[PDB]
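A lone chain, given as structure tokens: the form deposited in one PDB entry.
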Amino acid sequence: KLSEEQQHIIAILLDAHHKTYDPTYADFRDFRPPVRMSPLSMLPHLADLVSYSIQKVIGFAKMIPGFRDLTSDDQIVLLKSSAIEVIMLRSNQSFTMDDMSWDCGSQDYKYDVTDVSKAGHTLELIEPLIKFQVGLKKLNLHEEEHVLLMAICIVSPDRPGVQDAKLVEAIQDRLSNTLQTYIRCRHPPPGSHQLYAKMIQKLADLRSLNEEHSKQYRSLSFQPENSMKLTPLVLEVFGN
């Protein structure tokens, strides 16, 4: 029951994700090395991982049908506000409930709670993120649903600063309708039960995660010694 246009949207998003998410994580070797033993030994590595991820999220976003047709200012507002949320979403692909960590192919690139703690985060702030990853992983999303979810997250018409909210909403509605139809037509029960609602709830959960983790970014980067360990792109997109 998926229209020709809806199948096209999905085809475009899958291609976009595949070209911006390398499941082998080969590029991680180019990041400053992780250090597990300034007590924030993992800050350099995770700053590089996040900076790299921001580049990839932008690469994915530019491929969302209609996104590049919004004004440059709105594209910027949408990406600055969704970047950390999309990184959290895309990271679910490497996340494993086996031991509650992000497994990127090797021990050196396997990140757990302690590693994030070594980048400045309090254990209290890390817990909700782990819980979020577990809940998202349990939805067993089809890759089609996963890429649609990331796209919907990016083109959210309510982000403060958006000028042409109606245009952003037009794109999101097309993506939302595509997702709803895909679930009803291609996701078998019981996994499909209230799936759209559960997925959109994850986007609401992400607003809270964004708020708390952004506060942490501001506190950490407020100290010159820590900002010095970040990257130009992180400072530009997240703030400086």
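Throughout, we count residues from 1 along the sequence that is shown. Heads up, when I say rigid core I mean the largest set of C-alphas that superpose within 1.5 Å between the two forms.
Judged by mean Cα B factor in the deposited record, 192 to 200 ranks above the other of 192 to 200 and 51 to 59.
Averaged over their C-alpha atoms, the temperature factors of 176 to 184 and 42 to 50 are higher for 176 to 184.
When the Cα B-factors of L148, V77, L129, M97 are read from the PDB record, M97 comes out highest. Sort the chain's modelled residues by C-alpha temperature factor and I171 lands in the lowest third, per the entry. Sorting the modelled residues of the chain by their CA temperature factor places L235 in the middle third. Among the modelled residues of its chain, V134 has a C-alpha B-factor that falls in the middle third, as given in the PDB entry. When the CA B factors of the chain's modelled residues are split into thirds, the value for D205 lands in the lowest one. Annotation for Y21: CA B-factor lies in the lowest third of the chain's modelled residues.
Separately, the form deposited in another entry exists; it is not shown, and the next lines address it.
When both forms sit on the same rigid core, the CA shifts between the shown form and the other one reach 2 angstroms or more only at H187 out of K198, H187, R32, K56. Relative to the superposed core, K215 undergoes a C-alpha shift of no less than 2 Å between the shown form and the other one. Between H187 and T20, the Cα spacing is larger in the other entry than in the shown form, differing by no less than 3 Å.
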